[PDB]
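All residue numbers in this chain count up from 1 along the given sequence. These values consider heavy atoms only, across backbone and side chains, with no hydrogens, waters or symmetry-generated copies.
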Amino acid sequence: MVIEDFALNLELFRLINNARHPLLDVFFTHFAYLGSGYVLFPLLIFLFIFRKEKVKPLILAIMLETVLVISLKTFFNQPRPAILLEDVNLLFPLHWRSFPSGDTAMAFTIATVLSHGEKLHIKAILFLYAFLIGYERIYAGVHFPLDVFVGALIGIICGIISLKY
């Protein structure tokens, strides 16, 4: 069962993965680090200093999304675009566990928990960051639009669930 092989998913991927430029390649390569788990420890330390009330919600939300993301990654074991499709523009050598996008889920988890109760321009900054991570995964050729949409969905839900608890 390959859930990534429907017309809307493949046509959307081609539109993003083919609209390229060397400056986009550099920007998204530099930007990808902000969607990895390597920002979590630096971020949590700064939260502990300036926004300690957000530390516990973010930790619980990241735990929720991480468990949910690795579970779906293991059960579905979907191929990434470099395996399913031909002539994929690849920025990172990733091939498997496509569904869903963990970087997108974490980024939307960060944006959901940290936007709560904050000024409007802070919400726009965080959710533009989350959007660019999701766009970066498709531009890098390592994810399908289905992976980043569900990943974003997981991140938003787990962030909201954590804020309520």
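One hydrophobic cluster, built from ILVMFWY side chains closer than 4.5 Å, holds both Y38 and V142. In the hydrophobic cluster analysis, where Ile, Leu, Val, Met, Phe, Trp and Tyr join through side-chain heavy atoms closer than 4.5 angstrom, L23 is grouped apart from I16. If you chain together hydrophobic residues whose side chains sit under 4.5 Å apart, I138 and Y33 fall into the same group. In the hydrophobic clustering of ILVMFWY residues, with side-chain heavy atoms under 4.5 Å counting as a link, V26 and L91 come out apart. Connection of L64 to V67 is not established within any shared hydrophobic cluster, with ILVMFWY side chains joined at heavy-atom distances below 4.5 Å, either directly or through further cluster members.
Side chain of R80 to main chain of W96: a donor-acceptor pair is present (N/O by atom type, distance under 3.5 Å, no hydrogens or angles). A donor-acceptor contact shorter than 3.5 Å is absent between the side chain of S162 and the backbone of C158. Using a distance-only test at 3.5 Å, with no hydrogens or angles considered, no donor-acceptor pair links the side chain of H95 to the main chain of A82.
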Note to self: Pair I154, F108 - check side-chain contact (heavy atoms from CB on, under 4.5 Å), show working.
What the structure shows: CA-CA 8 Å; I154 295 171; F108 274 86; over 6 Å; no
Notebook entry, point to check: How far apart are the C-alpha atoms of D25 and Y139, what are their side-chain angles, what is the distance that settles it, and do they pass the side chain to side chain donor-acceptor pair (under 3.5 Å) test?
Noted result: CA-CA 8 Å; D25 292 353; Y139 184 89; 2.5 Å; yes
Next item on the list: Walk me through it: do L84 and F144 pass the test side-chain contact (heavy atoms from CB on, under 4.5 Å)?
Entry: CA-CA 10 Å; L84 196 76; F144 295 102; 3.8 Å; yes
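Counting all heavy atoms, side chain and backbone alike, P79 lies closest to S98 at O-CB, 3.3 Å. Taking each heavy atom of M106 and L34 in turn, the nearest pair found is CE-O, 3.9 Å. In terms of heavy-atom proximity, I156 sits nearest to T112 at CA-OG1, 3.4 Å. Annotation for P57 and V113: closest pair CB-CG1, 3.8 Å, computed over non-hydrogen atoms. Nearest heavy-atom pair, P100 versus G151, reported as atom, atom and distance to 0.1 Å: CB-N, 4.0 Å. Residue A61 comes nearest to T109 through the heavy atom pair CB-CG2, 3.4 Å, listed as atom of the first residue, atom of the second, then distance.
For the atom pair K73 NZ and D147 CG, the distance stands at 7.5 Å (nearest 0.5 Å). Atom CG of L10 sits about 10.5 Å away from atom CG of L146, to the nearest 0.5 Å. Atom CG of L94 is separated from atom NE2 of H143 by 7.0 Å, given to the nearest 0.5 angstrom. In this structure, OG in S115 is found 4.5 Å from CZ in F127, a value given to the nearest 0.5 Å. Distance check: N89 CG to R14 CZ gives 8.5 Å after rounding to the nearest 0.5 Å. Between atom CG of residue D103 and atom CZ of residue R137 there is a gap of 4.0 Å, rounded to the nearest 0.5 Å.
Other residues, nucleotides and ligands contribute over 12 non-hydrogen atoms within 6.0 Å of the CZ atom of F31.
The salt bridge (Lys or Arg N to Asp or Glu O under 4.0 Å) contacts involving residues 109-120 comprise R51-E118, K54-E118, where partners must be two or more places apart or lie in separate chains.
Between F99 and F76, the ring planes are perpendicular. Angles over 60° get that label, and only those under 30° would be called parallel.
For the side chain to side chain contact (heavy atoms under 4.5 Å, CB included) test with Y129, the passing option among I133, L132, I125 is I133; the others fail.
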